[PDB]
Amino acid sequence: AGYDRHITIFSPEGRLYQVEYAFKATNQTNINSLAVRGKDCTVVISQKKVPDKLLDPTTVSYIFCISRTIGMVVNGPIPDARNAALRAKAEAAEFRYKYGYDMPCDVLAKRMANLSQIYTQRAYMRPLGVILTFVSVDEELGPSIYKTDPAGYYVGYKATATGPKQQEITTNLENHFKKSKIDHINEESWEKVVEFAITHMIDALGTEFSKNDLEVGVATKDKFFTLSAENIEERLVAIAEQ
Amino acid sequence: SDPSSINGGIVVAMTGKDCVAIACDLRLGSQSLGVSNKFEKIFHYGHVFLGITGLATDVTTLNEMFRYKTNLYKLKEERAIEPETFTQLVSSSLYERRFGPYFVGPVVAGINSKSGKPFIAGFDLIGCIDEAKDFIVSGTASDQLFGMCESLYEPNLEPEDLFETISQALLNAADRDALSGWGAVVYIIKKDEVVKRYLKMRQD
Amino acid sequence: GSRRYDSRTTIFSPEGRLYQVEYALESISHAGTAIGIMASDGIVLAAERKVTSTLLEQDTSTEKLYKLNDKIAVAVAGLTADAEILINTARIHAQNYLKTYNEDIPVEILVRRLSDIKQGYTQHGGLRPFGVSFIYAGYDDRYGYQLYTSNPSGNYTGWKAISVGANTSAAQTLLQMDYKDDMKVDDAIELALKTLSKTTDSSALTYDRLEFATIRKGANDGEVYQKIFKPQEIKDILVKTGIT
Amino acid sequence: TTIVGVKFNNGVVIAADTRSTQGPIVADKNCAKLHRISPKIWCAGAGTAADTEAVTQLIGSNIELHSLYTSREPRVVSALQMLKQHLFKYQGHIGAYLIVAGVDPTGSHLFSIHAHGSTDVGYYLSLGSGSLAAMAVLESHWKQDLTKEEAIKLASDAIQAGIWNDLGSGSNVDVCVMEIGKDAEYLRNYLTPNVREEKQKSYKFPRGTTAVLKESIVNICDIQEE
Amino acid sequence: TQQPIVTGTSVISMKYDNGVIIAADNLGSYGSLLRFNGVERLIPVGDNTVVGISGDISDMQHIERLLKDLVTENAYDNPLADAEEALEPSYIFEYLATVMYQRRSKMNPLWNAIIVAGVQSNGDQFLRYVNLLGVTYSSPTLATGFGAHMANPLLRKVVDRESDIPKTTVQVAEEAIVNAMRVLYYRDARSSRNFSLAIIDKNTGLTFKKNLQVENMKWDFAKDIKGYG
Amino acid sequence: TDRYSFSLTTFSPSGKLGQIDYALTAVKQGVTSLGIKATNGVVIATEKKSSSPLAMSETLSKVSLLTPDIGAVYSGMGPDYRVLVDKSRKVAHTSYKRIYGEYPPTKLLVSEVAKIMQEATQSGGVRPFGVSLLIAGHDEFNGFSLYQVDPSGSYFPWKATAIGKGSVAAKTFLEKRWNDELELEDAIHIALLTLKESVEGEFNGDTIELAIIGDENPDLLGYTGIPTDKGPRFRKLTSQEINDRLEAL
Amino acid sequence: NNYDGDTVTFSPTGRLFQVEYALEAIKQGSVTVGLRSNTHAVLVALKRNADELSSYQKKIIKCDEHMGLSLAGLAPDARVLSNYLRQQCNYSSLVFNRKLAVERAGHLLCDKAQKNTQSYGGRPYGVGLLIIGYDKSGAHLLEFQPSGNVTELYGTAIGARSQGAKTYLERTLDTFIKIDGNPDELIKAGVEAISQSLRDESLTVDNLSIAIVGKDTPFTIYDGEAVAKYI
Amino acid sequence: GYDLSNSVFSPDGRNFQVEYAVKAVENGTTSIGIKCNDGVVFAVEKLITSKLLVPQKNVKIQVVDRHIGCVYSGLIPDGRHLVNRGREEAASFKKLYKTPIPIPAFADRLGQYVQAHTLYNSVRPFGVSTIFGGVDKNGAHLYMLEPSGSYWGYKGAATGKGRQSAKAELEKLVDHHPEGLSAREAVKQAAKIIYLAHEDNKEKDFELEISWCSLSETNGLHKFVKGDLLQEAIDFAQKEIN
């Protein structure tokens, strides 16, 4: 019928144009993210950009703290970002409540994936236009990255990037794990993994950075933290002295 | 007084060798008045036998309830229902009424037709699979029966010897009781074919 | 919003009519031929499967024949998915009647109840109908053997001989010509196999593509033996009639 | 009815008896009070028998679900939390007294849950009606860091002392030993206290000793061919 | 359903020519165990109305909340709607009243007795009573709890009718309330030496005199008798 | 407000429900999967694919466990497969494991899932799941059994079948390859050989997901001393095993 | 119907056209004039008959003994809103022992319009109300729109030829503010105000409907031969 | 025809609905929020449309709980609904946790409520920009809330028709005082830049409203400016623009 794509219904090609369109709204902030696995840590960086000075820079964020061990990095519009953040925090509380231990990242990936599926099966839900990266350090699975997308599909990774120009970053990561011959960087301090990540980002995007142009989130064991600008500056200085 | 004790009624069940036996009395009365001496308490679904004791109205209600289900099972799986899964079924349906409970005792008696195994099971008011491979009793003279049965029983009986044992176990317990006695039926349940014998036993 | 996109499929046409019903009937003539012939001694239900492959298993298949109760079975033609729901609802109604009267349901009651259920979907709710047609074979003491057909509208009619699904009109003419007022179950079996042999879309009619069941007064003194045959018995009676 | 759960550095051993009573009557000489929440998380139940089995039923189903979701082996505390909730809601109209014991990728564990929604921890818990008699032995003979041989011993002897100082206890002694990193072993009938003496004469009776009033045949076998 | 668990003692009060005085003692009793000391049962709402709540501290917290909420609701709108659409004693009274009644009807009572003491925008006295039955009544002298018939006789001995109010001066009223706190502290088993006092005047508004001590007691003559006789 | 209670699925004028037609087209868009029923087991095999080669595929599954005797495998949409596996487990426990305390026969479960598909075809506010599932299992009364549930809500039993975009060719191959007596070993070799015609990419045990409903494993039981209960008849084969069978072709 | 249809849409102009359609309900309504001094509020409404055998249709609804509303536009909508207002006025008398303030009730009415403007399947009400009252803060005249806009004015009008009344009030504005304690004068000025908004529809003694509220006077409706003193 | 509902997407990342709401907001009057060191100063331009109005008898700035001022532009009735909703939520928090709601917490609440109106066909997204802020115990904060359900931190925010002028002037004010200014000193500045934002609007005459919530002068409660202070601010601006 004339409606195949104002509601979630297959096309004559056997398809969902609507969900496609969701994927075509993940590149509007044009933020890029890069996430790699250390040996005992997980590191993720994202861009920060403010179009005006009259914003306060602190509040502009894309790294959202969901659990105490799971960080969430969002690619796509910020309204949907906030709705997703709220969803996830609810589910985390509820897992702790019903099973007696904090939510694993894997379980959260899948819970959020199934909610996604439900938004693309009900004829009056609009799907989220956000790709979520879940970074964690598990004690049963180790440092892990799970990526879910508006489809409700998710997959694991050794490393991954997101954004409009994230192919460049894919090249970088590919060559890096080509030389290393192993699925994670062998580094025993989270600092140097931040450093490596920023190096690959400068190479990939072709542009140098500053403390106010970055945003860094680190998942160590049994915690998650974000660095402030002051600590990011120090990483940048130690890059030049490699 | 307590509902189960308003009729009386008892069920005894024994395993033998390659056979089982289940037996009941036929008295159904209201407290002092014995009303009917034609009321079967043993029913059968396929080739599971279900004996039921306790409160009168629950006997019949449970009976048709189970009918409804086992009919489903057959129309669906296109096989008769095995006594074991029927044991689980009894347990579940009892525990569904945990508040506003039922006042009954089911005794499940059957033979696996897949291995030829006698299988018996017991229940009381809310549920509680009562595991045995020796014998199960229920009713309001379960005491008298437990004593009788424990003394006489000898593992791995022959079918006809099983008949003798269960008959006597029932008769003497029933005339030591005031809420049982009017008549008795014994089912000797073989592997192929089921014999129903009513026993001559003293009225009152 | 939502009124925007509403299609309104339970409204009339200028005909006074319902397109969805017509379309369901159209889609059932894409489904298999199912045949019911009533003998004076029993009822033959003969259904032809829609799919057949030398890799298909047809030995656990009862895709067309279902027991609603151990007096009443059906032949199903149409959307299988919708039919499954109605089948279990039917069984539940049967057991309910048995529950409250402790006596087996007449064929009348069940056929009508299902018709009402179909009627509800066409009447209101904005839903599409369940696209199934049933041939009911049943025995009751009040009217004896009873043969019924009901359609997605929620209407039933009794018959002496009937065909549904593909080539309704052709098989009907055949049955006219070859019907006897009283028949045997053997004569009825013969007529059924023959009619499906002249209406089958593959040059040959085979046991592995036949579902075949009867309800017979072989069992005596007011007992009826249902039989859902094995394909290997269908084979033998297919050689009896000389098709193979 | 006595249940001991004894914790030691290499796992946990949980032991129980098999007499189930119905008041002064012994309902059953053999049942298994040891249930399976999961292959690696066994529990035993005391108190109302119906209420024990049915709840372990319910949550065993639920935890299996949960485990298949997380594609990960279950926890002890997962089960324990579910239980706590479910009981608290009827506000103690369900009388369950469970020892929940189990190993997992976090170690050995031993918890006890009451019939209200209370829970306690120890290296060393005892529940049921014979719990007192077990406890007595258990505190003189216990020490930290048992091996599995020692722990098995201690559990089983506490159970007998329960048999011999409690009337609701009696029967074979079943044990289940759950060790870290190994499949759980069910030592059923580990030690048999009390064998039934031999009847002084048989009580088989000749045929035809009882009367038959009439007889009939009915065949539930099938509905008929012809 | 609900019954007294943690309780305060008594609120006392009276009218005088230009306003009202209301006072309460600072005690949270847990039965015989005097478990909480320094607990204040006068709660100002507005700036010319003191609401003294007796009965349970438990329910008292959840009424304390609602007074503040009403202030918030009333302040919502133009700047003229908090200058002179402000809450009045007669408004506050009705609010507390209605909520208590409806909880009594549902059979889950708010177990308190409340005195609402203030002066109007019109320039009038307002001193009124409500309790856990829904009974309301006004009088020139009021108390709650055990002081309903311990302290109140004394206060009603000063001002017998409403036409002796313009004859009573604010300092005589002062004296009477102190005196009656002294009597309470004598002859009642749950009483605290600490009391809070508030004076609502229509010419200077609310002045809240906190943590007065009861002084000038008599114990001299309990050495001139001995035994039970 | 909401008024999506009218079906989005209707009859087409030419007789058919258009939406299942579109969904069945969507199934020929996905991965390829097949299942062979042997006399003494069943084998199910599928391809692992990911967006990127740097994505993990060991933390991802296309053969999922519904019960210790029953596995599923799909061709079609991933997201749709995921939720529906969970629902299958769900109704398997609430309506057979609370009512009979044990796991369902293969067939019973098949119908349980066909209803969910059916109510995705009925009842406005939904569209069909765009998957075909193979439900392979073993029950103790009809032995080994292999079913296919389609986007429509029907099922069919098969002796061997394939789903996905390479289905026409695969089925023609299995036409000769199937035999009246087949050994589970031989069926393993056969399934690999067929899905090799179907797969262009690198061929290892790390990309071919193999699972067997073969025979019971007392070692996967997780406990001992119970002879009455036996182990799962399902098993997922990890990569090591499958790497031998690459060489045994 | 491109963007014009539905109360859920935008409107590349930022608008919604349903609102303007509903303001046409004001335009096809008959004129009514409200004016207030600091001690009296007066509403002067032009009733209107259907024909000669028909009577005139009321235009002023008593809400309370100090509060009144007069409709302009569809009668059936006016009916929903008037009930609502009386409901909460009696509420405020009950719970707070207090007259319901005008300024406040405007806001309540605001939200009640907003939410039929929110949901699909609602509509904006097609009636605009003039609400006068006298409370502890004095006289008040509120103007209520189909948009849901409440405004406080010295004197205003709605209906057909509302402009010709506004100009009149623009000249005589500072006259009627200085007249206080003489309600008669305010009433005469309102009669003269609505004379400018006639279609040669002459003022009769049963076509004109007066209603007043004062410091010292409850809300009153004059009709019949009570209006002859001013005509 | 992807302009029809909010739950539709388009292959341009656009959801035309929500963009159109911004044009409703572009129709409102100037409204500024000045973030100062001590608190926040809001001001609204109140057009005097006719000589029949009662002046200073209509407020477009309404307070929520007592320490969060809220001033909105766009559709006045619609924004009115939004403020009502936010008061419900504020009182809920206050009952449940015994403290006046923090400003970031408030921000979460309102953002979620407006984000909600784009996920259902049943509702229309609100066409209002809100500016809300105040003093809590973790300091003064300022937020501007989009009809899109987006928001950020701000050192100065504006909306309306004379937003062009206002934004530029605020840029200057942060260049005059990069360490900030007093809320006392900001009264005069709000006057100034509203006056400057009325030359794009110089069809009419208007009345100036100013309100502020600062810790140093109102003790952290949201009060209005009046009297000699208000009129002095008026005169200040008046002399500047002549």
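All chains are identified by letter, namely A, B, C, D, E, F, G and H, in their written order; residue positions are counted from 1 within each chain.
As a working rule, a residue touches a chain if its C-beta (ideal position, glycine included) is under 8 Å from a C-beta of that chain, and two chains touch if they have at least 3 such contacts.
By chain, UniProt protein names: E = Proteasome subunit beta type-7.
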Quiz item: More C-beta pairs touching across which pair, C-H or A-H?
Solution: A-H
Practice problem: With chain centres taken as the means of their Cα atoms, state the distance from subunit A to subunit C in Å. | Solution: 57
Quiz item: Could you state the distance in Å from the CA-based centre of subunit B to that of subunit G?
Solution: 84
Self-check item: Rounded Å distance between subunit A and subunit B, as computed from the means of their C-alpha atoms
Solution: 65
Quiz item: Out of subunit G, which residues touch more than one other chain, so two or more?
Solution: 8, 107, 119-121
Self-check item: Where subunit F touches two or more other chains, by residue
Solution: 1-2, 4, 86, 98, 101, 107, 111, 124
Quiz prompt | Two or more partner chains touched - positions in subunit E | solution = 77-78
Exercise. Any two chains that touch count here, so list every such pair.
Key: A-C, A-D, A-F, A-H, B-C, B-D, B-F, C-D, C-F, C-G, C-H, D-F, E-G, E-H, F-G, F-H, G-H
Quiz item: In the complex of these two chains, what residues of subunit A are touching subunit H?
Solution: 6, 18, 20-22, 24-25, 27-28, 52-60, 77-80, 82-83, 86, 124-127, 129
Quiz item: Taking the complex as given, what residues does subunit D use to touch subunit F?
Solution: 36, 38-40, 57-58, 61-62, 64-65, 68-69, 71, 176, 183-188
Exercise. Could you pull out which subunit G residues touch subunit E in their complex?
Key: 94-98, 101, 103-104, 107, 136-137
Quiz item: Taking the complex as given, what residues does subunit F use to touch subunit H?
Solution: 1-2
Quiz prompt | Of all residues in subunit C, those that touch subunit F in their complex | solution = 2-3, 6-9, 19-20, 23-24, 26-30, 51, 54-61, 63, 79-82, 84-85, 125-129, 131
